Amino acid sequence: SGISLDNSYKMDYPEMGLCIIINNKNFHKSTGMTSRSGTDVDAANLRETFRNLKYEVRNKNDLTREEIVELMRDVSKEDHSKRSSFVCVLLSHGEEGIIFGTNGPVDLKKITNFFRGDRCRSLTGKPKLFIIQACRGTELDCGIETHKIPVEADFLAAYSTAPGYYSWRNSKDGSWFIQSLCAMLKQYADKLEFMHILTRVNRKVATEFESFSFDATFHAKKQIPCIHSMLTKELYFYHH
């Protein structure tokens, strides 16, 4: 045949892959964590968005830390041979490096490790996408008025917010980040490479949202999401 290029992931396997959505809204009272109003709006938007991208979506609600780990372990032991990619969306409270089960925290690194190149062989070389709506600390952005491959290769973490910072969720509309992510996927998934989509999400969150609060400490604050890419190829959700 003629000259070939392989700058982009193979996305024409029989299946796009799983989209696991962990929607933690209600937490055990002993944790003292508040209910995450608006997260169901997020979970529904994601389900529909990834459905239209032809992902096999599985929604899970209010999982304990044990259930999260067991789920990730189990999913990582499925046969993904006929799948192009893997997507996991986490909606919860969080801190840097951490997301909360309903009864306590889970290490993000622990979750992604199940899908390591050496630990999930049917996903080796395929894009493994983790989308995380959760705080990463308690900073507020005040804004300004204008042979082998690495086992950690082919991961992408799309964080809702910068490291160290709160992440914002609207109780009526859903979270700024997930709102924006679904909108940009709907508008551009048939047009743009995924980093360029996520860059549009960065701009949308950064420009269109600003907190309103009766509390001066939490009023008029801004947010910028953070793309964490260890991908080795371009990712298009469509194929030729």
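In this text, residue numbers run from 1 along the sequence as written.
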Per the entry, higher mean C-alpha B factor between 123-131 and 110-118 = 110-118
With respect to the recorded C-alpha B factors, which stretch has the higher mean value, 163-171 or 137-145?
-> 137-145
Highest recorded Cα temperature factor - choice among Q179, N26, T39, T207 | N26
Quick one: which of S30, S213, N45, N59 has the biggest Cα B-factor according to the entry?
-> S30
Would you mind ranking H93 by its C-alpha B-factor against the rest of the chain and naming the third, lowest, middle or highest?
-> middle
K54: CA temperature factor from the record, placed by chain third, in the middle
What third of its chain's C-alpha B-factors does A189 belong to: lowest, middle or highest?
-> highest
Could you tell me which third, lowest, middle or highest, the C-alpha B-factor of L63 occupies within its chain?
-> highest
When the modelled residues of the chain are sorted by Cα temperature factor, does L18 land in the lowest, middle or highest third?
-> middle
